[PDB]
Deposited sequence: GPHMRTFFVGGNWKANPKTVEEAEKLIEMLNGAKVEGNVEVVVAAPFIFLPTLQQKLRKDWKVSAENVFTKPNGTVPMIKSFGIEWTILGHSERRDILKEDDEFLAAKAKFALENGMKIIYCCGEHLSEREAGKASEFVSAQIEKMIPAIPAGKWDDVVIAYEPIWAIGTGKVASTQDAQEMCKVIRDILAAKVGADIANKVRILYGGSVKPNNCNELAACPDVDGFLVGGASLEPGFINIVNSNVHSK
């Protein structure tokens, strides 16, 4: 049922409009296998370039928005990321706002090392999602994707396993089922936003509650297409 979803988040890269154009030419020639929804998020100064030049079967995303949405929409940009850990290091209201204004969102959550070490990851993440849930207007869940970022495994010297991804995506789906029902839970894509590379994307994709990825550094490399194509391993 759920279409696999892969978002490439360039973060604050590349350093120049010439490199961005070379990256776009590479993406435009990529052969996508299977069935997958691809979105690419880029720095604001590069959005008009992406929007003009990126293959039209993929969509462009902002990496964040402000309390602005009309400017981005005036370029024809439909998506934004919200809540990404770098920004985090309010949100339910900003989700409500972006959605009321016709945006599709990638809503990020995830716990830090102390909560993970304390055995409280599931509690901490559940609470984040329980706060998001009232802020989604009726009829807007089709326009929501949730990304789990294991912030505890980013720059800490700790690594996340494939089972950690699966467990945390299941936690999220279960809290959706508990609070807004099985139909919404069954349709919402829940992404893994930890370190995703060509060497682990296929095993992660196969996890039953992992519907895709919010990709960091590999989104600037030819390996992105391997990650996009890992959808063929997700059932």
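Asker: Tell me, which runs of residues in the deposited sequence have no coordinates at all?
Answerer: Sequence ranges with no C-alpha atoms are 1-3, 71-74, 97-103.
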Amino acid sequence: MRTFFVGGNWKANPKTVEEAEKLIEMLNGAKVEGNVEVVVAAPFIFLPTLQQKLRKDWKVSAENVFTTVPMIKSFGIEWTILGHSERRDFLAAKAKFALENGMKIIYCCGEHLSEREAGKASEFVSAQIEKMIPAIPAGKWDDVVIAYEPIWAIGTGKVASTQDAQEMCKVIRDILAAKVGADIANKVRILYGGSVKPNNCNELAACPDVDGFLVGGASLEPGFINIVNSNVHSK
From here on, numbers count along this sequence of modelled residues.
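Asker: Once you work out the mean C-alpha B-factor for both 189-197 and 169-177 from the entry, which is higher?
Answerer: Stretch with the higher mean C-alpha B-factor: 169-177.
Asker: Averaging C-alpha B-factors over each stretch, which comes out higher, 209-217 or 21-29?
Answerer: The deposited B-factors put 21-29 ahead on the C-alpha mean.
Asker: From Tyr148, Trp79, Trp152, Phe75, pick the one with the largest CA B-factor in the entry?
Answerer: Reading the PDB entry, the winner on C-alpha B-factor is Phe75.
Asker: Which one of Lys120, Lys158, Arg87, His112 shows the biggest C-alpha B-factor in the PDB entry?
Answerer: Highest C-alpha B-factor among the listed residues goes to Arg87.
Asker: Ranking the modelled residues of this chain by C-alpha B-factor as given in the entry, is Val38 in the lowest, middle or highest third?
Answerer: CA B-factor rank for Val38: lowest third.
Asker: Would you check the entry's CA temperature factor for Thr68 and let me know if it's in the chain's lowest, middle or highest third?
Answerer: Highest third.
Asker: Please say which third, lowest, middle or highest, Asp183 falls into when its CA temperature factor is compared across its chain.
Answerer: CA B-factor rank for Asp183: highest third.
Asker: Which third of the chain holds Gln52 when residues are ordered by C-alpha B factor: lowest, middle or highest?
Answerer: Highest third, going by the recorded CA B-factors of the chain.
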